[PDB]
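Following: one structure in structure tokens, then a few remarks.
The chains carry the letters A, B, C, D and E, assigned in the order they are written, with residues numbered from 1 in each.
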Amino acid sequence: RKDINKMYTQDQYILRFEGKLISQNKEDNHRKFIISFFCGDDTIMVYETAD
Amino acid sequence: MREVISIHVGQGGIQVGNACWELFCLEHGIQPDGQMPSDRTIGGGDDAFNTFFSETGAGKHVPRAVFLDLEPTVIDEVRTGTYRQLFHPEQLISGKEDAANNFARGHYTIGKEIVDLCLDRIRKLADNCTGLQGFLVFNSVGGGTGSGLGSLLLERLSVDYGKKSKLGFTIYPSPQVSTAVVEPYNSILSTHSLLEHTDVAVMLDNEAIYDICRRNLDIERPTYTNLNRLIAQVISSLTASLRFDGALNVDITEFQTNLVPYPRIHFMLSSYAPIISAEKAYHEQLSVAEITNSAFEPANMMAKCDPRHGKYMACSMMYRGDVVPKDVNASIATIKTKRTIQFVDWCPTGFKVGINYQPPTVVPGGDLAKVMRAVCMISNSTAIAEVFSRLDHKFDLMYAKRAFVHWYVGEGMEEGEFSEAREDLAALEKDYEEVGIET
Amino acid sequence: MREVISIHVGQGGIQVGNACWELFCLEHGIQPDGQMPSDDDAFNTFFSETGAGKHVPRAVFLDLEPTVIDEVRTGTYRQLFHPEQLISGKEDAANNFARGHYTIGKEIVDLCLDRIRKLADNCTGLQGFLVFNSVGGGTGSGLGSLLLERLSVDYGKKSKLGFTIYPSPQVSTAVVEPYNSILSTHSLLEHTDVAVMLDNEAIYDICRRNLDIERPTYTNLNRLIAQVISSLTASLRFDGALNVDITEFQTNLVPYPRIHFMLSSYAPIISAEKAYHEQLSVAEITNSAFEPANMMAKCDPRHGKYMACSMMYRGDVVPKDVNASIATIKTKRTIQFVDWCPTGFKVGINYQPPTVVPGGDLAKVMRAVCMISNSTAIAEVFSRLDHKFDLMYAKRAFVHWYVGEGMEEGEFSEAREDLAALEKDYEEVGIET
Amino acid sequence: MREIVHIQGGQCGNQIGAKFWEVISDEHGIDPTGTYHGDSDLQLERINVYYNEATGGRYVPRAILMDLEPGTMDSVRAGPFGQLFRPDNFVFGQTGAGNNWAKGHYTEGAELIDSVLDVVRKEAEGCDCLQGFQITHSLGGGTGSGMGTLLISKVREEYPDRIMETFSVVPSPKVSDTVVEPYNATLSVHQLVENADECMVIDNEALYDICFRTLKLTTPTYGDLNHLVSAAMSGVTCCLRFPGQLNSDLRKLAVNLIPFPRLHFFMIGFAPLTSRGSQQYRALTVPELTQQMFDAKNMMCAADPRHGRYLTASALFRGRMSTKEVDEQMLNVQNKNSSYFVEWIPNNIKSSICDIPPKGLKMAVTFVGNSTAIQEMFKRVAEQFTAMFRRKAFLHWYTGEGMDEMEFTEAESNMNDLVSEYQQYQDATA
Amino acid sequence: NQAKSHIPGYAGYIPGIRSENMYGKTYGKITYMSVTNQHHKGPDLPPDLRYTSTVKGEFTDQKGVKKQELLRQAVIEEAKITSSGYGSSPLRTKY
């Protein structure tokens, strides 16, 4: 089964964040990311921007 | 990286392009001003609007379209409406004097001083893009300026660009319901012009869409706005494979390789499903099996032609939503084993299917309800010959007595131009049954 | 997985469908909105879950006068039924068989066939079709026969059970009921699988004698038929010791293809005022089931033989106390069987006790039995109605109403001959070797 | 843009214009002082079609009024909205024609037409992109039937490509007010057939019949007749001034309604028409509009279409509505009245939609139809003409100023040939 | 209280359904607009209603129609929600 009632009513709400990565590698402590949270079915998407 | 240029000519072309662009803007989040909202201040992600729009560098997005007409009223209406700041001011080319339902006027006398401007704007729009997939043309074939400018533009584009793909969504007159009285002449002439200059043509006659709207949406008095919205939905379903990720992608070039058998035979018919109103949409599961069963229903045709009277040659269907490939294949097997539908012998397998993840977008103030699954299907059939057959009957029945021929002769068109159009139509008709017979 | 499809034609059909689909909704707990009130696929036989929340019934309503249908659209169950399975016509047949079978029934049957195909394609384990119609009416008898004929060639081997309402011997509404009673009998004899008598005078007697109501109404009658339907079809959806399908009727109550007319009964049927003064043992209720005065059809079993009896038990019954009851029934001499049927009982047992409808008539009981019996005494109703037909056909009364609607004059003759042959077959089977 | 200038002749034409300009000014919200007082924006964008802007923010109609006597002009200036007209546009003679076609066409016509031709040339050259000309005049009057026809010939010779539209008031047989009607009517028709792109016939018989039996008001007046004519004629060009679902202009109507160049005589009407005491019981729907409009009694000509067959037709719908009702009713009436429609041209009805309803109404219909029943007008007037010409009655009044009977004979022959060829299509079959 | 619009195929009468047009809309919205009178009525037009030609008076706007629909969806449901209780509905005395 799939939760349909939630999908219909919280489809339009999208949460957008600006984030930075934390890890051991040193070259990748400066490049930034944009994080999208689709609350229609709790789906998280990550996009990486280039300068 | 991929771009497509849409061409709108005539009153019908403009009135359908308006609905198409409203749907595209609402689907991509574009406000009428151009900025996404004034509230979302991050942006800079998922560049998919590039197919239909073009970034100006900072802020607004300008569509990759051009409008053509000789009657300035519709262009002024577009320039005065809520989308005043959206369209570029000088890509909405407007003439001075209308063709007034005359093919010769819009093909030999008045179209010449506007074709230069149209080609200049087309070149300016083409220089911007780099991965131009092809051109789309919307033309009202029953109108003089529409037919004449469509013919001239297609003839010029066949030389200027050459191998670039062109798609034609024409609106032929309904078999019994029509507005004007002189439409057979310019309809036949336009058909002759576009026979050797259009890669793919789709029938969009009004009566079939009327019938679909009355039965499904349960509207007793619909108008052209509902028709335009349905056609825009069809176009969006067709084009969504470009700018949305999916399990199986199909491009514009993936039509004239898997749907058209011969260069002469590219006149096709379209169907859409499901069409249902919100007041009775939520009582059904709307499974892929039933939506694809309704897609093949002849009563849901967008062209007044019954495929039961002819054979199928190739069918292209696109699914969008949460569709499952295994259910797709099961439904395909079921419709193949269905007896009432038959294919031509020399085409054993006749299905090409593409799948997109994005569900169709619902426009507030419209008629359709928001759903999870949809299919848009384009099939080539032999039965389409009947619309040319009956249109032949109407033309000759009044051409025998040379009715209205002076109106065309006096505009600079040779009197004998009707004969070769008739011969071209006869040859096109003769071709279809030859393919239709078995080996 | 396993489903049954109900067909309702004629305002009698719709006004029985209202009661039965109210009883099914109450039994499965489904709200009038169609939403489950929140809390195991028992509802799957009658309802179909739409993906999220509500359940839409597997029913179609057909009629030509829109008056009865418009009540449903404006009633409390407007949100329950499908908007496009309540088929309504423009002009009613107006008590003419030829109108609803040859002239005005043709333009509406195609939509019904489309809807039936759409509904049946959704089901995966379809068991059969059920039909409710009024033979003594225009569009009930005419259109229903056309649907039966079309289905018998479109689907074929799917079982078809019938619940038809034949006219009472003396209590009646129209004058021309004997005419369109004959033709529909001729149509259904060779096209339906099982028929059950549902006359109206018999139930009037049951209500007055048991429920203590001096002024009953059709709505009271419809509730009893809904109870009978639910008791018959309970085993397909509720767990029990011995489960029976509708194919156990198609295999145990029809000795010959021609003989498929049977009758129904129900017990116990008592009001709440005197409900709590009897122990209501399983031995007691099975006797009332065989009581001739408890019959739901105007027939006297003592005037004929028995061929097969299928009784379904629901409640707190134990199989051992059941077997004693049949032993006593066999011991009883007032009840006699045919020679060529040594054993004649098919018994099913279900665990779910009957439900009581608020504002209803019957009392809440822990035991009930529904008995469908094939008997030779059912041939009496054909004799009296044949005589009624002959009396008014001797003078060609009301005939011009039929000839003017495209029905041939001769058609009356063959339908009469079929009834005569049916009487001959029944009387020949009733004899002993 | 694509504007049309307006020219009128004779007292009948002047009285028609006095009401038509009043109706147009009321529609566009123009006060008698010529200052805009509209309530909506949509009333100003297309105002240049009929109005010329002047310094001071005032609008002046691009109409020129002419006649051979000054009394009609002195009367029409003083009427309501009369100050709108530019005094330079009034060109009048000092003698008058006196109901004599030859007098108004040869002697004074040649020496008077120069100034009106100069002013109309100035207007046509001034306008941005001329669409065409429209005419309002009466064929039963000498000065009108002569000067207007001569001016039509001159302007058609000078501007062959532009469209020409005329509103002719042909003489009626039952209600006749002068005896010289056949002569000047026949000569005017002969001159008109060779130059007029479109011709619309109006009959005082029909106007009186409508005003007496439909509106059911006891005492009609020429004011009421002019109001009806003005509404009908404004309904033709309304869609040129206002947006709609389907735009349509005079050129489109001509293309869709004249199968042959010598067949350019129509018969028009207006709908809906209802009395004051019966306007609260009727229901305004598209079926009601088309039912009233295709009724023969409503037609603005005494020619009964049921005696002939509709060669072609066009209906202009006004106000917001659905294409369903329009197209469905057209198809339904065309199928139900197949006996009244010529068969060798299928689907011979044209439709258009303009979203702006007339002030005081929510829906309206303007119908222009070409039918072979209009020939009876020519038949009757030619019969009277030849009956009164066989005896050479009143012939000296025409022959005293250079006119000869050869012209009369050729007019008779041309008119008879027109009638014969126009009747042939009625019996023509596919 | 009725229900503020009906199911699609409901035969009957919906007051002024043919008198004042109401074209283009679905049907449930049409009959909603009739039971609750949001329409001009009468053979006349104030200046505000006229001079609103299709493309201007509809096929426009951004979200004003959206907030109108949710208001209508709320109104129709709160009117219909006035029904509850484990006694089903009085079908016996309504019929």
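We take it that a residue touches a chain if its C-beta (ideal position, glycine included) is under 8 Å from a C-beta of that chain, and two chains touch if they have at least 3 such contacts.
These are the chains along with the protein names UniProt gives them: B, C = Tubulin alpha chain; D = Tubulin beta chain.
Q: To get from chain B (Tubulin alpha chain) to chain D (Tubulin beta chain) along touching chains, fewest steps?
A: Between chain B (Tubulin alpha chain) and chain D (Tubulin beta chain), the shortest chain-hopping route counts 1.
Q: What is the chain whose Cα centre is as far as it gets from that of chain A?
A: Greatest centre separation from chain A goes to chain D.
Q: Which chain pair racks up the highest number of C-beta contacts?
A: B-D
Q: Using mean C-alpha positions as chain centres, tell me how far chain D (Tubulin beta chain) is from chain E in Å, no decimals.
A: The mean C-alpha positions of chain D (Tubulin beta chain) and chain E differ by 45 Å.
Q: Need the CA-centroid distance for the pair chain A / chain D (Tubulin beta chain), whole Å please.
A: Result: the chain centres lie 71 Å from each other.
Q: Taking each chain's centre as its mean C-alpha position, how far apart are chain B (Tubulin alpha chain) and chain C (Tubulin alpha chain) in Å?
A: 54
Q: From the mean C-alpha coordinate of chain A to that of chain E, what's the distance rounded to whole Å?
A: Distance between chain centres: 41 Å.
Q: Which chain D (Tubulin beta chain) residues touch at least two other chains?
A: Within chain D (Tubulin beta chain), the residues that touch at least two other chains are 243, 245, 322, 324.
Q: If you look at chain B (Tubulin alpha chain), which of its residues touch at least two other chains?
A: Residues 77, 220-223, 279-280 of chain B (Tubulin alpha chain) touch two or more partner chains.
Q: So which chains end up touching which?
A: Per the contact definition above, the touching pairs are A-B, A-C, B-C, B-D, B-E, C-E, D-E.
Q: Mind listing the chain A positions that touch chain C (Tubulin alpha chain) in their complex?
A: Residues in contact with chain C (Tubulin alpha chain): 3-5.
Q: Sort out for me which residues of chain A touch chain B (Tubulin alpha chain) in the complex.
A: The contact residues of chain A facing chain B (Tubulin alpha chain) are 2, 8, 16, 18, 34, 36, 47, 49.
Q: Per the contact definition, I'd like the list of chain E residues that touch chain B (Tubulin alpha chain) in the complex.
A: On the chain E side, the touching residues are 7-9, 21-28, 53-56, 58-63, 65-66, 69.
Q: So in the complex, which bits of chain C (Tubulin alpha chain) are touching chain B (Tubulin alpha chain)?
A: Touch list, chain C (Tubulin alpha chain) to chain B (Tubulin alpha chain): 48-51, 54, 56, 82-84, 118, 121-122.
Q: Provide the residue numbers of chain B (Tubulin alpha chain) that touch chain E in the complex, in ascending order.
A: Chain B (Tubulin alpha chain) residues touching chain E: 18-19, 22, 31-32, 77, 80-82, 217-223, 225-226, 277-280, 364-365, 367.
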